[PDB]
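Don't worry about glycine lacking a Cβ; one is built from the backbone with ideal geometry, like all the others, and counts go over all protein chains shown. Only the coordinates and a few stated rules stand behind these numbers; no lab work does.
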Amino acid sequence: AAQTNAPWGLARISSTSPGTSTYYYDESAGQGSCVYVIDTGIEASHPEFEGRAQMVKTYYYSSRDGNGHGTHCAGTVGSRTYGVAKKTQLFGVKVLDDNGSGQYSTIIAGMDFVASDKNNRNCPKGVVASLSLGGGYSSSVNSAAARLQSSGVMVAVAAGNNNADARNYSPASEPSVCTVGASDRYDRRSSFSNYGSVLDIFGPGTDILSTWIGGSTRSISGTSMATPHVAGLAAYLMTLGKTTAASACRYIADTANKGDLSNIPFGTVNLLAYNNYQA
């Protein structure tokens, strides 16, 4: 299948060179997989989700996304026009308030919730969790992310937007999950992207067009935007049978475009997520 005039990040993950405009992908499109987006919520009524999105848990007064961040991330995972895995099932868990903030105790509860809730869902091709959030180092937050990964869920987390070593941020610094940095459309490390040896993979993160609340769209930037590219790619590869939740991060690294990024500090991997599609 091919989507012409795609957002640049989708085109980039299906190409060996920057500057293309077509997203090439297998028609299976993540069908039969499930992605939990743990964030500010999802506007599930957005036409771009086609009935495939559902809020399953909130830690606040409402399940509505009153911010937009979670709806944007979910759109990069699996919306029709802006998504990597266009037939996946999306589940929203609202651990961040409508200002985009949340306490660590609530974020931990949301991770433990997903590890249990997935056993009540029909996800024959596997389960992914996308965490576009983080803060200062916490061994309790790292431990919760490791539990979620151990329970059989492919966990992808943002490296953070401090132009610093991700070792000092959580859950970015948990080794057992997939830690995602951000790149721009000219194959540079995004100027805000964290770096360091704990990074596993880079994805498109600068000027990412996706869904927004009120049935709208907008472009924003962050490692928050790179993470759902990798989460959607994992769901897509699990549906194709190429990998499992336990090994998807390693498989994505193994099959990545290597050495193509600039402004990568010594000791950080030079790997850009790639779907290896062949017509």
Under the rule that a partner needs its Cβ under 4.7 Å from the first Cβ, which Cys of the chain have none?
73
Have a look at the DSSP beta bridges in the chain and tell me what percent are antiparallel, nearest 5.
30
Nonlocal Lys pairs with alpha-carbon distance under 25 Å, the range 2-272 (8 or more apart, or different chains):
17
What ranking do 208, 264 get, fewest neighbouring Cβ atoms within 10 angstrom at the top?
264, 208
Among 171, 124, 204, determine the one that fluctuates most according to a GNM of the chain built with springs between C-alpha atoms less than 10 Å apart.
124
Most mobile of 163, 120, 263 in a GNM of the chain (Cα contacts under 10 Å)
120
Rounded, prolate or oblate: which one fits the range 195-279, using the alpha carbon gyration tensor with axes a ≥ b ≥ c (rounded when a/c is under 1.5, else prolate when a/b beats b/c, else oblate)?
oblate
For 271, 133, ascending order of other Cβ atoms within 10 Å (fewest first) is 271, 133
Order by neighbour count: 49, 192, fewest other Cβ atoms within 10 Å first, most last.
192, 49
Rg/Rh (Cα only; Kirkwood hydrodynamic radius) as it applies to the chain:
0.92
